[PDB]
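**Student:** Before the rest arrives, take these chains from my complex:
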Amino acid sequence: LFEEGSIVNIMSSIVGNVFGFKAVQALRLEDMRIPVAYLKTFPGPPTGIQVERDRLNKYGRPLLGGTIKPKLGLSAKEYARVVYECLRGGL
């Protein structure tokens, strides 16, 4: 029933129309079992956990991140100087 290698179809068939019926006042898709046959038609992540960690040369600890704030308003010049402070300081 599903086109190979297309999430758009699996979410067009299952959660497309059934949620809006009068006969059901509420409907939640709790989980889903993707078969192995349908799983080999998808590429998966480009890099993954191991390739990313090697590409950064960081091991044995969680990787620190951060989001630049305020999330709107800063000009590109002032936006970059905040980025420099975070990365230089330890993120």
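**Tutor:** That came through, no problem. Numbering: from 1, shown residues only, chains lettered A, B, ... in the order given.
**Student:** rest of the way, CA atoms for contacts and neighbours
**Tutor:** Fine.
**Student:** Just give the nearest non-adjacent residue to residue A:41, would you?
**Tutor:** Distances taken as C-alpha to C-alpha, 6 or more residues apart in numbering place residue A:5 nearest to residue A:41, at 4.7 Å, with adjacent residues excluded.
**Student:** Quick one: distance of the strand or helix carrying residue A:37 to the chain centre.
**Tutor:** Using DSSP states H and E, residue A:37 sits in helix A:36-39. Centre-to-centre, helix A:36-39 and its host chain are 20 Å apart (C-alpha atoms, centre = their mean, to the nearest Å).
**Student:** what residues does the helix or strand following that helix touch?
**Tutor:** Under the assignment DSSP H and E, the closest C-terminal helix or strand after helix A:36-39 is helix A:48-56. Helix A:48-56 is contacted from outside by residue A:59, using C-alpha atoms under 8 Å, 6 or more residues apart in numbering.
**Student:** Which parts of chain A are helices?
**Tutor:** Shown for chain A, the helices assigned by DSSP state H span residues A:7-13, A:36-39, A:48-56, A:76-89.
**Student:** Rebuild the ones you listed as TSV, extending it with mean neighbour count and distance to residue A:27.
**Tutor:** Output for the helices of chain A, formatted as TSV (neighbours: other C-alpha atoms under 10 Å; distance: least, C-alpha to C-alpha, whole Å):
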stretch	mean neighbour count	distance to residue A:27
helix A:7-13	12	15
helix A:36-39	10	25
helix A:48-56	10	33
helix A:76-89	12	43
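**Student:** Which among those helices is found nearest to residue A:64?
**Tutor:** Residue A:64 sits nearest to helix A:76-89 of all the helices of chain A, at 9.7 Å, using C-alpha to C-alpha.
**Student:** For the closest one, which outside residues touch it?
**Tutor:** A:66, A:68.
**Student:** Figure out how far it is from the centre of its chain.
**Tutor:** 25 Å.
**Student:** on that earlier part again, for the helices of chain A, give me JSON lines that also has distance to residue A:28.
**Tutor:** Listed next are those as JSON lines, based on distance: least, C-alpha to C-alpha, whole Å:
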{"stretch": "helix A:7-13", "distance to residue A:28": "13"}
{"stretch": "helix A:36-39", "distance to residue A:28": "23"}
{"stretch": "helix A:48-56", "distance to residue A:28": "30"}
{"stretch": "helix A:76-89", "distance to residue A:28": "40"}
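**Student:** Here is chain B, add it in:
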Amino acid sequence: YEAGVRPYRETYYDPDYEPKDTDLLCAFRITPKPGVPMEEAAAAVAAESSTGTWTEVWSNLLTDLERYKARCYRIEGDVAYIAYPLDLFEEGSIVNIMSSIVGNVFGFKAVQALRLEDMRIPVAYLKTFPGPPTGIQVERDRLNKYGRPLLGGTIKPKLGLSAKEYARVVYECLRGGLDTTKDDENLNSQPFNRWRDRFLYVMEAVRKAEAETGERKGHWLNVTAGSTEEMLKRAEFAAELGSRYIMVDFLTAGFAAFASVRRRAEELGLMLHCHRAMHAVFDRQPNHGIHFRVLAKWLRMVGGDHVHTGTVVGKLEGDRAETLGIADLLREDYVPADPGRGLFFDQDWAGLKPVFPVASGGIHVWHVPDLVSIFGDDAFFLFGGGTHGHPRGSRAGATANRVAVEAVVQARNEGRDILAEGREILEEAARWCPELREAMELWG
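**Tutor:** Adding chain B to the chains above:
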């Protein structure tokens, strides 16, 4: 880490292993070196095709080798079954299959002979392949011919005919009653018959014959060449001329180039006919090589609308039972295993559309009762030399072949037995067909 030579059968022989539904199971017929045990040779094939080498290496410990190794789980005295983990294979590439299973293990010294009799493609792996571009059901609508085998014919002589004279034989056959004709397997772009002139001429002959008979005729133009960048150039020209069909030798042109042509052939809206040239270097000796049913599976996986399966009664060797099993592998959607018909494994085809089996060879009117019985109505019959060898030309020959098939098919729909009353049926047909009478007199 321990180093040194160890026997294969202590790592790759697992008689208690149970095959999964995501394993490529292969059945090998093995002739070990005198002295080498039967199970020892079986393990050498399993190791040296998946993850093995003649000595233990320090780099085995870097992987969970039990997760990837192939292992022989069953031996029937002479046939060793080997199971291949799913992760060993690249998605949507027959070439990787034929580089792993049949890539390196045939040249060993421990095995005096090795034949890949049959193989099992799991559904998980089979969903990564496109399958035939059109299939049997779509093509019959595209040609508007139902309820009978579709009649074709190879244009003879094999080489020599100039572009104008070649297009005259094509028009004679199609006007006579053949549904399609085809370029020969070795007729690509020779100096006497260049392709751009052959393509232009025979397509005028196809349209002219199609405009007179009122039916839908076609010609299988041979686009095989020395490179993919040239086959694609020839395939585009055939589509721009209005032809429905093209033709590729999918074994002499290889599988990567064939898969590249198939992708374009679908984009251009062309049926793709696959000639199996060189197949007999592989599937001839019953003790070494690769059985055709393995190559027949690979064709449907990568996608071919037609395939030569080989007539049982022609001039080319083929087995009555084995051809029946291959015909099922190309048409049905699930083929249960059958030891009599040569099959070793169940093959679920996962919704891949069927393939026309093409029966070609040294077949004439007399072989029609045998061809219709073996193949049914979902097949092509090719009368290359049985059409042009008629004592009165090709248009007369194409009529005799056409009348013989319809007489046998209609008399089969009448409930009459074919394998016993073929001679009588053909004689009653010849009583009113003059062309068939000459063809039956000349041959046999």
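**Student:** who does the helix holding residue A:37 touch, helix- and strand-wise?
**Tutor:** For helix A:36-39, the packing partners by 3 or more C-alpha pairs under 8 Å, 6 or more residues apart in numbering or on different chains; DSSP states H and E come out as helix B:123-126.
**Student:** Can you tell me how far the residue in chain A that chain B sits nearest to is from residue B:83?
**Tutor:** Residue nearest to chain B within chain A: residue A:37 (3.7 Å; C-alpha to the nearest C-alpha). In this view, residue A:37 and residue B:83 are 18 Å apart by C-alpha to C-alpha, to the nearest Å.
**Student:** nearest spatial neighbour of the residue of chain A closest to chain B, skipping sequence neighbours?
**Tutor:** Excluding the flanking residues, the one nearest residue A:37 by C-alpha to C-alpha, 6 or more residues apart in numbering or on different chains is residue B:124, at 3.7 Å.
**Student:** What residue in chain A is the furthest from its centre?
**Tutor:** residue A:23 (33.4 Å; C-alpha atoms, centre = their mean).
**Student:** Just give me the residue right at the centre of chain A.
**Tutor:** residue A:45 (10.1 Å).
**Student:** how about that residue, phi and psi?
**Tutor:** Phi and psi for residue A:45, reported as degrees, to the nearest 10, are phi -60, psi 150.
**Student:** Which residues lie in contact with the residue of chain A closest to chain B in this structure?
**Tutor:** Neighbouring residues of residue A:37 by C-alpha atoms under 8 Å, 6 or more residues apart in numbering or on different chains: B:123-125, B:127.
**Student:** swap the cut-off to 10 Å and go again
**Tutor:** The neighbours of residue A:37, taking C-alpha atoms under 10 Å, 6 or more residues apart in numbering or on different chains as the test, are A:4, B:21-22, B:122-128, B:350.
**Student:** Widest-spaced pair of these?
**Tutor:** For the contacts of residue A:37, the maximum inter-member distance is 19.1 Å, found between A:4 and B:21 (C-alpha to C-alpha).
**Student:** Include this sequence as chain C:
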Amino acid sequence: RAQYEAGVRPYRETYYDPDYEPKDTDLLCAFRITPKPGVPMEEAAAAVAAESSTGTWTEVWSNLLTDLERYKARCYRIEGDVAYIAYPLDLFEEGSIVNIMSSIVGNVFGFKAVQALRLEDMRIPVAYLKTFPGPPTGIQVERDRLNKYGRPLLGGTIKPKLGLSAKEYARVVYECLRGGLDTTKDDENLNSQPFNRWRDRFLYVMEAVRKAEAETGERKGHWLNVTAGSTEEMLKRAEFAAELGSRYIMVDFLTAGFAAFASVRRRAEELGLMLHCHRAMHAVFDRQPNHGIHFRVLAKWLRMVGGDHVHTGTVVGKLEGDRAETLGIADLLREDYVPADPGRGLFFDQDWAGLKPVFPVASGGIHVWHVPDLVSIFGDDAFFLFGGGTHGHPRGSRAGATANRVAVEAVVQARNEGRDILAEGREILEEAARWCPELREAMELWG
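**Tutor:** Okay, chain C now, added to the rest:
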């Protein structure tokens, strides 16, 4: 309206010409025939020549629209059991191996008239051979690129064949390269799998190749396998290997098909990439001496279409190989004119019309003890590959590479002194290991 004499005629009538003389532009094919009980040797030979040419099982009416004698092949000799057949030059397309392998071997191998049939050899005429490009780089240009003269170049296959991730694959590659090996290569099974995808393997191994060049000071390479399921994919992997700075790509030409191989070879020339060719799935052809195509024919077809490397097979390894016939293939790949020699299996003189030579690659189940015998067979212009003989060393891969390099250096240097090789290879190795600890552990384990 002539009503040609119809019917079925014996092939011997119009396709066997014992008085024919082959022109210097015809293609000569030598077949080893095993005809039916009852079918004569002359008829089976004529049947082979007819169905690889204008012939057909019956007399067609269109035989009178052509001058058949211009185009028809004919068996001009039967030497007891071998039938020589001559094909006119006009029968074939210019610069396409596919057409000749669709005519000579396309259809004749599965006839009910012949129980078995082997294409022993052929003679590609200079007129036909001039239409082919040949190898992109060759032997002499390659040696300049690697800057390694006067010895057989050393390589190896990373093992195990499948299972290693790209992080651990490059770790093994670096260990072999750092230890002396001039080259390594992706195994033929390793195209692009979930455990080792191609875009991650290409990046990781070439970081090791670049790294190994820094410490050693020599120039190393890795034969990246670009084989894929389609020509466009095989090419797409070729530019990625090209832009990473790789000197090398690798193709399974027999499995990928000669058309896709010729498409890759054109690109490999445009990107300045040497092109190692792996002969995987060859023994399906050239194993049984009664049916198939001998490998010397596929070695000819390779040099025509063009490949810098090819496996010819060690005589003493785990894979099959004949001492005399392997020498013939080495000459048939490296030389420029090969006189016919019945001892070496060569039937026709082959002039190569200025096509540049090819490295014969000797790979299989070989180790240090096989070095003296390999040097005797192949000489200097060859590649020696130790895949299980390098990583199978008791003390790792870098130690295994050192022992293999020391063995070849000692044997070649002893050959250059006039000392015999075959008789005292064991000696040469013993007083070469007397100063190298790794070579002692190499010969201690094997033998």
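**Student:** Please reconsider what packs on helix A:36-39 now that chain C is part of the model.
**Tutor:** Here helix A:36-39 touches helix B:123-126, going by 3 or more C-alpha pairs under 10 Å, 6 or more residues apart in numbering or on different chains; DSSP states H and E.
**Student:** please redo it, this time with the cut-off set to 6 Å
**Tutor:** Helix A:36-39 is packed against no helix or strand, with contacts defined by 3 or more C-alpha pairs under 6 Å, 6 or more residues apart in numbering or on different chains; DSSP states H and E.
**Student:** ok, now how distant is residue A:1 from chain C?
**Tutor:** 26 Å (C-alpha to the nearest C-alpha, to the nearest Å).
**Student:** And for residue A:17?
**Tutor:** Counting by C-alpha to the nearest C-alpha, the gap from residue A:17 to chain C is 35 Å.
**Student:** neighbours around that residue, how many?
**Tutor:** Neighbour count for residue A:17, taken as other C-alpha atoms under 10 Å in any protein chain shown: 9.
**Student:** and what of the one 5 residues further on?
**Tutor:** Applying other C-alpha under 10 Å, we find 8 residues neighbouring residue A:22.
**Student:** And the one 4 residues further on, by the same measure?
**Tutor:** Other residues near residue A:26 number 9, with proximity taken as other C-alpha under 10 Å.
**Student:** and if you look at residue A:15?
**Tutor:** There are 14 residues near residue A:15, going by other C-alpha under 10 Å.
**Student:** same deal with the one 3 residues further on?
**Tutor:** The burial metric for residue A:18, expressed as a neighbour count using other C-alpha under 10 Å, is 12.
**Student:** got it, and residue A:63?
**Tutor:** For residue A:63, the neighbour count with other C-alpha under 10 Å is 10.
**Student:** repeat for the one 10 residues further on
**Tutor:** For residue A:73, the number of neighbouring residues by other C-alpha under 10 Å comes to 9.
**Student:** Show me which residues of chain A are close to chain C?
**Tutor:** Residues of chain A lying near chain C by C-alpha under 6 Å from any C-alpha of the partner chain: none.
**Student:** measure the residue nearest to the centre of chain A to chain C for me?
**Tutor:** Per C-alpha to the nearest C-alpha, residue A:45 is found 11 Å from chain C.
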